[PDB]
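*Asks:* how would this look folded up:
(one chain, ligands or ions: 13)
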Amino acid sequence: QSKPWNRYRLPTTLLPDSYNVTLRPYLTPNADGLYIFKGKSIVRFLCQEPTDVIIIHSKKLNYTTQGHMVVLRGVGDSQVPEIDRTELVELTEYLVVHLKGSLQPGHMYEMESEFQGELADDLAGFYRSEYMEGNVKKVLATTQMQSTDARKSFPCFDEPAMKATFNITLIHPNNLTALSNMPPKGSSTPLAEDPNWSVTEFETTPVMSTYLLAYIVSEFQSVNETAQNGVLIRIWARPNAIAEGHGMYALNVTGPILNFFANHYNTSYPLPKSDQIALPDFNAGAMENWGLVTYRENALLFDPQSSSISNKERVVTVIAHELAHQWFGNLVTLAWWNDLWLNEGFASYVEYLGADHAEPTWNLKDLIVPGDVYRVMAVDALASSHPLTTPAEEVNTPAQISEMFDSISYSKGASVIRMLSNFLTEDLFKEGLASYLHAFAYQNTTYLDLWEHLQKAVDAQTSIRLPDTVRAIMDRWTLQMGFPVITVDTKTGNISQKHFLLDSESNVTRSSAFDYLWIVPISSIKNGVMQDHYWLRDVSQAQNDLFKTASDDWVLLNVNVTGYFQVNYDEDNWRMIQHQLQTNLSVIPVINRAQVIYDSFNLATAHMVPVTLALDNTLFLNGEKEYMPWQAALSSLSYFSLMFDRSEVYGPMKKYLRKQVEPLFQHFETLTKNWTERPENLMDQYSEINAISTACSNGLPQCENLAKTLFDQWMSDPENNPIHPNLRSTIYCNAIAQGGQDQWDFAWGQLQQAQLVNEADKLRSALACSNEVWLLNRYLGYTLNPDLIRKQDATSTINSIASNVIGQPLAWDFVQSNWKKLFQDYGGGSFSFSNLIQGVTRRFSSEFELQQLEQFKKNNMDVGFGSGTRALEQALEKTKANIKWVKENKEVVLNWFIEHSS
Ligand SMILES: *[C@@H]1O[C@H](CO)[C@@H](O[C@@H]2O[C@H](CO)[C@@H](O[C@@H]3O[C@H](CO)[C@@H](O)[C@H](O)[C@H]3NC(C)=O)[C@H](O)[C@H]2NC(C)=O)[C@H](O)[C@H]1NC(C)=O
Ligand SMILES: *[C@@H]1O[C@H](CO)[C@@H](O[C@@H]2O[C@H](CO)[C@@H](O[C@@H]3O[C@H](CO)[C@@H](O)[C@H](O)[C@H]3NC(C)=O)[C@H](O)[C@H]2NC(C)=O)[C@H](O)[C@H]1NC(C)=O
Ligand SMILES: *[C@@H]1O[C@H](CO)[C@@H](O[C@@H]2O[C@H](CO)[C@@H](O[C@@H]3O[C@H](CO)[C@@H](O)[C@H](O)[C@H]3NC(C)=O)[C@H](O)[C@H]2NC(C)=O)[C@H](O)[C@H]1NC(C)=O
Ligand SMILES: *[C@@H]1O[C@H](CO)[C@@H](O[C@@H]2O[C@H](CO)[C@@H](O)[C@H](O)[C@H]2NC(C)=O)[C@H](O)[C@H]1NC(C)=O
Ligand SMILES: *[C@@H]1O[C@H](CO)[C@@H](O[C@@H]2O[C@H](CO)[C@@H](O)[C@H](O)[C@H]2NC(C)=O)[C@H](O)[C@H]1NC(C)=O
Ligand SMILES: *[C@@H]1O[C@H](CO)[C@@H](O[C@@H]2O[C@H](CO)[C@@H](O)[C@H](O)[C@H]2NC(C)=O)[C@H](O)[C@H]1NC(C)=O
Ligand SMILES: *[C@@H]1O[C@H](CO)[C@@H](O[C@@H]2O[C@H](CO)[C@@H](O)[C@H](O)[C@H]2NC(C)=O)[C@H](O)[C@H]1NC(C)=O
Ligand SMILES: *[C@@H]1O[C@H](CO)[C@@H](O[C@@H]2O[C@H](CO)[C@@H](O)[C@H](O)[C@H]2NC(C)=O)[C@H](O)[C@H]1NC(C)=O
Ligand SMILES: *[C@@H]1O[C@H](CO)[C@@H](O[C@@H]2O[C@H](CO)[C@@H](O)[C@H](O)[C@H]2NC(C)=O)[C@H](O)[C@H]1NC(C)=O
Ligand SMILES: *[C@@H]1O[C@H](CO)[C@@H](O)[C@H](O)[C@H]1NC(C)=O
Ligand SMILES: *[C@@H]1O[C@H](CO)[C@@H](O)[C@H](O)[C@H]1NC(C)=O
Ligand code: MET
Ligand SMILES: [Zn+2]
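*Replies:* Numbering: from 1, shown residues only. Ligands and ions are numbered 1, 2, ... in the order given. Have a look at this structure:
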């Protein structure tokens, strides 16, 4: 019998009712330089089963309670046993209260404690964030409990199902503002022991999980709106950010988004107010704390003067995502972290729906396809992938919990949930989702509870018919890893599925309960006309006249890539699709125009089509005006450029791309009125951005001229930047490429005085585009100077120089030479030797370069490789793969590009 305090999961003998928590951050160091916070707490809990021990979470807290580490009382007229001893068990992060007798079922107890911890700059629990305002370093106090850090701020039953109400009080300097999940009860009052401090009490939370608590003390200010139902909406930020109007876009979209979700979920927004706060350098990105959502600044703030359209898109979708959680995740909470994918996957899907409500002309819903579907398919098409579901009993430690937060959970979660909504229809999906939210409000669930409520909605209607239960179908997509390639022989209409792997030689060793067979929803379009929907059952092989064609017809599966799979055809059908795209592309949905490209390049990698068939699939692009198909091409070819841009292959590649992109460049030249005015909607702005990037990086004289003109123009008038933020990264880069030290030094000056991170990023990246060796080397010289280049930016900048074909050997030489600075910077802030290794070795594709990476490894005899130790072996393995891919492909690809570049 193991001792319960040596077990990672809490006992179920005691359940919390409600907490009082009072926290007091000290934002002035104790002069040996330590920042602390002090706290006091009381937890009221109910005994379910008799027990003589109280086990509660505590992490990095010192206790100053009078007597033992806690004081224990009976609620009402309950007696309480005497404490034997209290002890802290660090490994399982427990405070353990051993009693002289047993607690009694049905009785309630209150346990009071007094404690303090470091207010560290560690982004965990109650922690400090330092930032600059003019001359002054400012320090604020803020929280990040996700996942298992509530216990780092106060002792609590820190598991998501053990929900309770919380009464938060902040004691804080009297000129600072205090925020928490709920509104303040009233005005703050002076702390009697020292009136320089004030006390702010907050209203009682609803029943809620510990990981969703938040409290913040700062000088921040807000912009505000009162929705029509009296819900107060505020955006909080640095006083200077607020004064500059950088909060306005967020404020603009928040109201519409909250409105959309209340209707979408058929459930009122469950709180009296919504705060969102922009934090400088919040590395976690965003966190959905209930009623007080935190964001990194660049994710919430928007500067119309200097921010691009893609930045606007990031803001509205990140907001939609976090607000989605205010019902799904926060109101109804997954019982355990093994089900995280459902929570994060769900938000990662509906973020597009919410944002689409706020920006209905942008067609944002499409973006899930490039953004999540094809993104996650890259890693789910590997033998080393994993199922969405993990047994709850395998997820115990805080480290194991953290491993839940990955690509598969978010992006495959989103993909499979989107599929599910689509095959149910959205109306049906919403009905089940509403049923689920109403049944489990303020409680906890597993994914089986959602399936059950969706099944109830299916069962209550007659129009949508499924080949099996919702659970049986979703089991195929959740219990085994990966996804199928669906192959169609249009001569017969034979249709097959197999587990798709990019590496046709991989051994899959993870076994599946289903032998890697799925139940697949298959929409299809024939000669531009929608066909009846089809379900592939759990069989290798089937046949249907839906997928049989005559010789002048074509068929195309998976309309809008709603299904989580990729599609291959016989060659003849590929040809027919190609001809259609050549003659009238409008007959095929824009998403599927992209799909044909995405899938075929993946199929070529897996050796299922020839690489030339994939390249053929790009031939239609000379007439393509729209964003997505062009993005599919650019994403799929970035590897070809990586492999070939130092080779004889490159000339014909450039020439071909110039040929393809010229007419699009010409299109936007007219449409934008000589580049004076951007296209109106997002997709077309993105397309223009890509067309100009593509034109310029491939050496179209017209684009090269445009870039030189604008940058000359900016240089003759530094205070009035003539270059629209959408075009900045291309135009800067190309203009510095064409120019010398005049252009470089000017842009350097501009970088040194950029007030805005996003504009600093663009400049830093453009500076690496110089074609002078001596400039690139001098630039490399700067990257380790913290006065000239921020440390957190050092490896990014080296990677950018490596990205330059001329900068490749310079960066590689530089990394090798100054490698003995692991011992100045695996202690001087993380650094990320891992990202730096991947970046500088990314190009390697020959035996000779492999011999060099091997030779560089042979400084194993000390200093090692830090957090990049495994990245190095990944580089040696990827170089092997590249050598093999280049030998197989060089000849065929050269001749294709030669053939097709006119
Ligand atoms: C968790 O915190 C709650 C808020 O502080 C505590 O509830 C409050 O207790 C206060 C004092 O115990 C009460 O305020 C006043 O106290 C004086 C004592 O001098 C009394 O006469 C009055 O009852 C009261 N005055 C007024 C105007 O109500 C509050 O009644 C009370 N606040 C509430 C209930 O909202 C909880 O007791 C504390 N929990 C535990 C377990 O200690
Ligand atoms: C929680 O309690 C911990 C244990 O009491 C504290 O950790 C101790 O921090 C002390 C001061 O930061 C260190 O003691 C000494 O500090 C003086 C100056 O303050 C130095 O001259 C000494 O070098 C140093 N003593 C030694 C032996 O090096 C201790 O290093 C440290 N003790 C332990 C056991 O880790 C925490 O500070 C306390 N945390 C909070 C937030 O209250
Ligand atoms: C938050 O929403 C606000 C209300 O919709 C937006 O306010 C709009 O800002 C636009 C951009 O400045 C203005 O549009 C144009 O502004 C120029 C400025 O000189 C004028 O030429 C145009 O006539 C004008 N166009 C229109 C259609 O009016 C709008 O004046 C203004 N609209 C309102 C109602 O005030 C904010 O832009 C938005 N904030 C962000 C960051 O997106
Ligand atoms: C947190 O504050 C709330 C609201 O004041 C307290 O809820 C009260 O609980 C008492 C004691 O159980 C009840 O008699 C009252 O009916 C409750 N009031 C309301 C409005 O629900 C709650 O007890 C507090 N939590 C703690 C740990 O003290
Ligand atoms: C809140 O009060 C504190 C203390 O009066 C102010 O902090 C001082 O600000 C000056 C610059 O104006 C600094 O030189 C001092 O070093 C600060 N002292 C400390 C201990 O930080 C603060 O500016 C006030 N804030 C607001 C929003 O009014
Ligand atoms: C949740 O959805 C239900 C069902 O659509 C809403 O109730 C309906 O509201 C419509 C719109 O006026 C009425 O015409 C229907 O007769 C109502 N149906 C039923 C069964 O009452 C309800 O308003 C929604 N609730 C929330 C909080 O959004
Ligand atoms: C986790 O959620 C479940 C519901 O999924 C909670 O169990 C319910 O408890 C409520 C209130 O006591 C009852 O109305 C229901 O009968 C219960 N449903 C069940 C048992 O299926 C459960 O309390 C939550 N767990 C914790 C620790 O709060
Ligand atoms: C389409 O599938 C059918 C299988 O149902 C294939 O035809 C069968 O092939 C086997 C091969 O030995 C014959 O023994 C069976 O008699 C065939 N069944 C028939 C004719 O009904 C057919 O080859 C497949 N066509 C493809 C993959 O293009
Ligand atoms: C495939 O996706 C396209 C969008 O890329 C869908 O077209 C949209 O359809 C909705 C409703 O018909 C309209 O409100 C949008 O304005 C349409 N946008 C465009 C650009 O056409 C299309 O409906 C989807 N096809 C299928 C079969 O689901
Ligand atoms: C997988 O096992 C087969 C056994 O036939 C072997 O040929 C192959 O090299 C192994 N591994 C990979 C990654 O191909
Ligand atoms: C191409 O197809 C579209 C949509 O099917 C149709 O509206 C149009 O008539 C065709 N365009 C041309 C120029 O023939
Ligand atoms: C992984 S920490 C970030 C917090 C939050 N759950 C998110 O998905 O952004
Ligand atoms: Zn999320």
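
*Asks:* domain assignment for this protein?
*Replies:* With domains defined by curated CATH domains, the chain comprises 1-220, 221-482, 483-569, 570-902.

*Asks:* Highest mean neighbour count out of those domains?
*Replies:* For those, the largest average neighbour count (mean count of other C-beta atoms under 10 Å) is found in domain 221-482, namely a mean of 20. In this view, the C-beta of every residue, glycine as well, is placed from N, C-alpha and C.

*Asks:* Now find how far off-centre that domain is within its chain.
*Replies:* For domain 221-482, the separation from the chain centroid amounts to 11 Å (computed by C-alpha atoms, centre = their mean, to the nearest Å).

*Asks:* Ok, stretch 32-48 next?
*Replies:* For stretch 32-48, the distance to the chain centre is 32 Å (C-alpha atoms, centre = their mean).

*Asks:* and that stretch with ligand 5, contact?
*Replies:* No - using C-beta under 6 Å from any ligand atom, we find that stretch 32-48 stays clear of ligand 5, coming within 12.3 Å at best.

*Asks:* then that stretch to CSV, C-alphas only?
*Replies:* Output in CSV follows, covering the C-alpha atoms of stretch 32-48 (Å, rounded to 0.1, in the frame of the first residue of the first chain):
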residue,chain,number,x,y,z
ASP,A,32,19.5,41.5,-1.4
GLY,A,33,17.4,41.7,-4.5
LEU,A,34,14.6,39.3,-3.8
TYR,A,35,10.9,40.0,-4.7
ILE,A,36,8.3,38.3,-2.5
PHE,A,37,4.5,38.0,-2.2
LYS,A,38,2.7,37.2,1.1
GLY,A,39,-0.6,35.4,1.3
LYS,A,40,-3.2,34.2,3.7
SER,A,41,-5.9,31.6,2.8
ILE,A,42,-8.8,29.7,4.1
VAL,A,43,-10.2,26.7,2.3
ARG,A,44,-13.6,25.3,3.3
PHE,A,45,-13.9,21.6,2.2
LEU,A,46,-16.4,18.7,2.8
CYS,A,47,-15.4,15.3,3.9
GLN,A,48,-16.8,12.5,1.6
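
*Asks:* what's in contact with the helix or strand encompassing residue 655?
*Replies:* Assessed by DSSP states H and E, residue 655 sits inside helix 650-671. For helix 650-671, the surrounding residues in contact (C-beta atoms under 8 Å, 6 or more residues apart in numbering) are 618, 621-625, 630, 637, 640-641, 644-645, 675, 679, 687-688, 691-692, 694-695, 698-700, 702-703, 894, 897-898, 900-902.

*Asks:* Go again with 7 Å.
*Replies:* 621-622, 625, 640, 644, 679, 688, 691, 694-695, 698-700, 702-703, 894, 897-898, 900-902 (C-beta atoms under 7 Å, 6 or more residues apart in numbering).

*Asks:* tell me which element the residue of the stretch 301-450 of the chain found nearest ligand 12 is part of?
*Replies:* Residue nearest to ligand 12 within the stretch 301-450 of the chain: residue 405 (4.5 Å; C-beta to the nearest ligand atom). Applying DSSP H and E as the criterion places residue 405 outside every helix and strand.

*Asks:* if I look at the nearest residue to it once chain neighbours are set aside, how far off is ligand 11?
*Replies:* Spatial nearest neighbour of residue 405, excluding adjacent residues (C-beta to C-beta, 6 or more residues apart in numbering): residue 340 at 6.7 Å. Separation of residue 340 from ligand 11 (C-beta to the nearest ligand atom, to the nearest Å): 43 Å.
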